[PDB]
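Q: quick one, fold the following:
(chains A, B and C)
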Amino acid sequence: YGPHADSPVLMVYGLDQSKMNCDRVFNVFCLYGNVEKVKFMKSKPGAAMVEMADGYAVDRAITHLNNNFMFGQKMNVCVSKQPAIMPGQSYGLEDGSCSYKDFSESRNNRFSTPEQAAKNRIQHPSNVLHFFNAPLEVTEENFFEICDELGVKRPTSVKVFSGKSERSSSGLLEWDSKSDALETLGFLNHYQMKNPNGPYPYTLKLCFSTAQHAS
RNA sequence: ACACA
RNA sequence: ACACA
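A: Numbering: from 1, shown residues only, chains lettered A, B, ... in the order given. Pasting the structure now:
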């Protein structure tokens, strides 16, 4: 139905600031479709390359975030000319252990299953944000002290509810700008939850909201 | 802005 | 403890 990119690979630039990393960049556009792998490059003062399902994931990433503002800087996006990303040697990152990472086996892929694709929803970016896999008492109190500990600006509005699951909470958030919700997406997605007596943490997840409000 | 793959 | 109030 929809159009597709000219390559299974994608290119991004403007990653000069220390706030960018392969985990943060790749999950931001991962909410837009199925992904494969990501790779950083030393050949520029701040750039990287990505491999994804090119139809829906590289089209929508180029439709919604490519050269949008983030962290007080820009994250340029456009199509690659490479045939595919190759693993091998690396040099590490300022916020990562390797210049390379893999997601082809990750559950983070939102379109990887028919039980997700039947209820999935996608829209243009906004200052509104949605979350799932969050504590029952996560509200403005846990959202405020978590963002302030990471040095990130806290949201301007918060909402939390139930009935979506009995295992974990869900709700909406909002910021004073679209780039403010996007930079907080980079720092809070896949973040580990705390537990009062649990044997291990479980990760929180978030993405651009389609809700009608955040309060 | 297209790799110590 | 994987996706829209």
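
Q: distance between stretch A:95-104 and the chain's centre?
A: Relative to its parent chain, stretch A:95-104 has a centroid offset of 14 Å by Cα atoms, centre = their mean, to the nearest Å.

Q: er, stretch A:123-142 I mean
A: On Cα atoms, centre = their mean, the centre of stretch A:123-142 falls 13 Å from that of its chain.

Q: ok, and what's touching it?
A: Residues outside stretch A:123-142 that contact it (Cβ atoms under 8 Å, 6 or more residues apart in numbering) are A:64-65, A:68, A:155, A:158-160, A:164-165, A:168-178, A:180-182, A:184-185, A:193-194, A:202-211, A:214. (C-beta placed from N, C-alpha, C; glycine too.)

Q: can you show me the CA trace of it as PDB?
A: The C-alpha coordinates for stretch A:123-142 follow below in PDB (Å, rounded to 0.1, in the frame of the first residue of the first chain):
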ATOM      1  CA  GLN A 123       0.600   9.100  14.300                       C
ATOM      2  CA  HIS A 124       2.700  12.200  13.900                       C
ATOM      3  CA  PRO A 125       4.900  13.200  16.800                       C
ATOM      4  CA  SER A 126       3.600  15.500  19.600                       C
ATOM      5  CA  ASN A 127       4.500  16.900  23.000                       C
ATOM      6  CA  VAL A 128       2.200  14.100  24.300                       C
ATOM      7  CA  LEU A 129       3.700  10.700  25.400                       C
ATOM      8  CA  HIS A 130       2.300   7.300  26.400                       C
ATOM      9  CA  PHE A 131       3.700   4.600  28.700                       C
ATOM     10  CA  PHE A 132       3.100   1.000  29.800                       C
ATOM     11  CA  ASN A 133       5.000  -1.300  32.200                       C
ATOM     12  CA  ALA A 134       5.100   1.300  34.900                       C
ATOM     13  CA  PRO A 135       4.700   1.100  38.800                       C
ATOM     14  CA  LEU A 136       1.200   1.500  40.400                       C
ATOM     15  CA  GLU A 137       2.400   4.700  42.200                       C
ATOM     16  CA  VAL A 138       4.600   6.100  39.300                       C
ATOM     17  CA  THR A 139       2.500   9.300  39.100                       C
ATOM     18  CA  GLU A 140       3.900  12.900  39.100                       C
ATOM     19  CA  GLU A 141       6.000  11.900  42.200                       C
ATOM     20  CA  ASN A 142       8.000   9.100  40.400                       C
END
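
Q: buried residues in it?
A: For stretch A:123-142, burial by neighbour count (16 or more other Cβ atoms under 10 Å) applies to A:125-131, A:133-134, A:138-139, A:142.

Q: do that stretch and RNA strand C meet?
A: Yes. Shown here: stretch A:123-142 in contact with RNA strand C (Cβ under 7 Å from any atom of the strand) through A:130, A:132-133.
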